[PDB]
2 protein chains.
Amino acid sequence: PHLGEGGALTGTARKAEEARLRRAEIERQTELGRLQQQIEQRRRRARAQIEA
Amino acid sequence: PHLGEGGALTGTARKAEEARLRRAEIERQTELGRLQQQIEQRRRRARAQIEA
């Protein structure tokens, strides 16, 4: 059975929709990872400054 | 007995020399105190910055 919104999709369209969902959710994960790395950088400067 | 350099001093000159010695040594003490207060100030900024 077709799972997810826009269930009318069938055939090649179903695979295309699956690929699009994978791409978008992957890039959302990349967004969150980049924010985490940003906070990483800020904390590094903070405690290095404390060391000085 | 006269104690200290320039023992030839006698009479009013002895009291004057004593007063001059007192003044100079007092001002040396003031010098050292001011340096200690300076280091005081530097340490205050240092650890306040650490707190931030």
Side-chain angles (χ1 to χ4, degrees):
Chain A
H2 194 278
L3 285 97
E5 295 181 355
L9 301 176
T10 186
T12 50
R14 185 175 181 268
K15 318 279 189 42
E17 194 74 350
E18 291 181 1
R20 169 181 148 297
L21 264 72
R22 284 197 299 245
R23 278 180 284 208
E25 122 76 23
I26 289 278
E27 197 154 75
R28 186 189 57 97
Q29 281 271 316
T30 294
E31 199 44 16
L32 282 72
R34 190 178 71 242
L35 282 71
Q36 278 203 3
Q37 173 191 357
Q38 198 174 320
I39 298 259
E40 186 292 349
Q41 188 274 151
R42 280 209 288 254
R43 257 176 53 204
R44 291 183 293 113
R45 309 229 235 255
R47 166 177 54 237
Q49 249 348 301
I50 290 191
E51 285 304 333
Chain B
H2 194 278
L3 285 97
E5 295 181 355
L9 301 176
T10 186
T12 49
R14 185 175 181 268
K15 318 279 189 42
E17 194 74 350
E18 291 181 1
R20 168 181 148 297
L21 264 72
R22 284 198 299 245
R23 278 180 284 207
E25 122 76 23
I26 289 278
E27 197 154 75
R28 187 189 57 97
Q29 281 271 316
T30 294
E31 199 44 16
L32 282 71
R34 190 178 71 241
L35 282 71
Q36 278 203 3
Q37 173 191 357
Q38 198 174 320
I39 298 259
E40 186 291 349
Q41 188 274 151
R42 280 209 288 254
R43 257 176 53 204
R44 291 183 293 113
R45 309 229 235 256
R47 166 177 54 237
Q49 249 348 301
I50 290 191
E51 285 305 333

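A, B, ... follow the sequence lines: proteins, then strands. Residue 1 opens every chain.
- Rounded to the nearest 0.5 angstrom, B/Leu3 CG and B/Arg14 CZ are separated by 8.0 Å.
- Once rounded to the nearest 0.5 Å, the distance linking CD1 of B/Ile50 with CD of A/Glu51 reads 8.5 Å.
- A 6.0 Å sphere centred on CD of A/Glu18 holds more than 12 heavy atoms belonging to other residues, nucleotides or ligands.
- Salt bridge present: B/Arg20 and B/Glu17 bring a charged side-chain N and a carboxylate O closer than 4.0 Å.
- Evaluation of the salt bridge (charged side-chain N to carboxylate O under 4.0 Å, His left out) rule for A/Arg47 yields no partner, not counting sequence neighbours.
- Note on B/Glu31 versus B/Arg28: no salt bridge recorded, every NZ/NE/NH1/NH2 to OD/OE distance being 4.0 Å or above.
- A/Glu27 places none of its side-chain heavy atoms less than 4.5 Å from the side chain of A/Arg23.
- Side chains of B/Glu25 and B/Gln29 form a contact here, defined as non-hydrogen atoms less than 4.5 Å apart.
- For the atom pair CD of B/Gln37 and CZ of B/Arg34, the computed distance is 9.0 Å after rounding to the nearest 0.5 Å.
- Residues satisfying the side chain to side chain donor-acceptor pair (under 3.5 Å) test with A/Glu40, not counting sequence neighbours, are A/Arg44.
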